[PDB]
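One protein chain, two forms: both are listed below as structure tokens, the first as structure 1 and the second as structure 2.
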Structure 1
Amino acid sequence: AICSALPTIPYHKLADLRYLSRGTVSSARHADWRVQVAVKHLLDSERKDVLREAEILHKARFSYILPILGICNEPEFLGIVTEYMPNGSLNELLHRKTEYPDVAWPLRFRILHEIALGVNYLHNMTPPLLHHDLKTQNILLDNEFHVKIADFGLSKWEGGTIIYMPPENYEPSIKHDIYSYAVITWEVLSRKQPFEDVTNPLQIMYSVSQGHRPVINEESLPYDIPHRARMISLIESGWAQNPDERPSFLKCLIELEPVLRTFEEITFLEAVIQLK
């Protein structure tokens, strides 16, 4: 096999450094490469955390995995330099309903297809690489609303949200990811926050362990949803209470492939224009 090194970017090379999202993510431009970049940064000497993610991104290079451009490793500042995703996260697409009144079905299905393509690829690495922290927050969208999977901090070969975590991992597995995906799939097709009613996050955890899942009915998932039955089948088998009843991503892709072929090329382009 052949080897490739991740470039070292001097901090001084990053211009127009502005805050983007809370480590912390900042937008910037590289003074020589003349492109916009995003920089994730903190500072402790237990900073192998930053170097580990960088190494993962660098080795997990693929079409649907956030491309890393370089490491910014200095005594003064430590950061990960990646491509800038101008359309943020899938979370913001699904839930900023004023800004995005419509998110057309072909786009929703392409996003789902692409999330699955990235994760599958990770799972097919040698040895398999598991995400373990899939959430709408980490599904980044480029200029044409194509998927780039990010956040490999909790990924292996204090925190936040719990709704995408399988019940078996509550007291800490190649089947964690699919559960997360299933919840994402549900959230994507509904534009509903999972366990919307339940305000107490610990209460959610109780319910989930008692077999409960987000509500699958006419109200959340309408009848007009393309391939509703085949999708609901996928969502349910994905978020199974039993880990062994959950499908691989390869299996899901095979299921999704003809579903994606039912949408004409132009509808993706139409969906993106509607959002801009």
Structure 2
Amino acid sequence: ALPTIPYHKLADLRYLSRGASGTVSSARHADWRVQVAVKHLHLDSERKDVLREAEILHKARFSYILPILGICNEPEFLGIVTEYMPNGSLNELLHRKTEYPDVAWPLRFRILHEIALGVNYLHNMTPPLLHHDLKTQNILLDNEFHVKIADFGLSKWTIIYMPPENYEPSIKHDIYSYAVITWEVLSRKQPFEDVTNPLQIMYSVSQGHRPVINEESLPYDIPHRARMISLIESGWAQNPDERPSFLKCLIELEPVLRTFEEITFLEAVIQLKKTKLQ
């Protein structure tokens, strides 16, 4: 069902990312005259398995999920083709502080809202996705800084977003990841920044330690600061059963987003783009 795209239609390949599951490059489609992204997934048994995996992802169609435009089924080369997200990843927005000295709260909360809507959609699919690897690197930002999430199985097929019960390989995985991401969005800090050995992070986390919550990490002027802190701490609870559903997150978040007028979101985006021009 998912359209096949001849590799010969793609030109001007440029590196975007290099992960374990595959390389991602931007490319220009000859016929469509737009940019796309292609993930180069690093035998007939493998080809059959890779098509089935990608056709599962084809079911996901929602405004906050990265659209898959087709598959490159080449002889030596398998590739997933998606929309190109001009503004890159949430990780880049949060941590590139020369480029983005300020990120206005309304935009940050819009991002959080859209992430949760996207994951909520994935959780309501029948069946749900079996694999989960939500992180700031696979939350992408379109031309108007709206979210499209690309947390497909592909990552499984960094440990800071992974809940401790997953260290020894539940419907409570994504909310844990989201709580860390929320913390990261509100702080613009690296989770566990002091700790440099990932194994030390894993040990600490397994014993109930989490990214730091205080007046320094999470500024006083966070809207609904105390409710957000409460949401974060519930989301990354040691006990998976204590963690809220994404439904419950959305219920908590919708009030917060009502405090911003629609025009302030656009002003936040335009101020991002203006400052970035220097």
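Take the two forms, find the largest set of C-alpha atoms that superpose within 1.5 Å, and that set is the rigid core. Sequence positions of structure 1, starting at 1, serve as the residue numbers.
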query	finding
Shifted position (C-alpha, 2 Å or more, core held fixed) between structure 1 and structure 2, chosen from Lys251, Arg52, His212, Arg228	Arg52
Post core alignment: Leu129 C-alpha displaced by 2 Å or more between structure 1 and structure 2	yes
Rigid core superposed, the C-alpha shift at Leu17 between structure 1 and structure 2 in Å	2.1
Value in Å for the CA shift of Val198 between structure 1 and structure 2, taken after the core is superposed	1.0
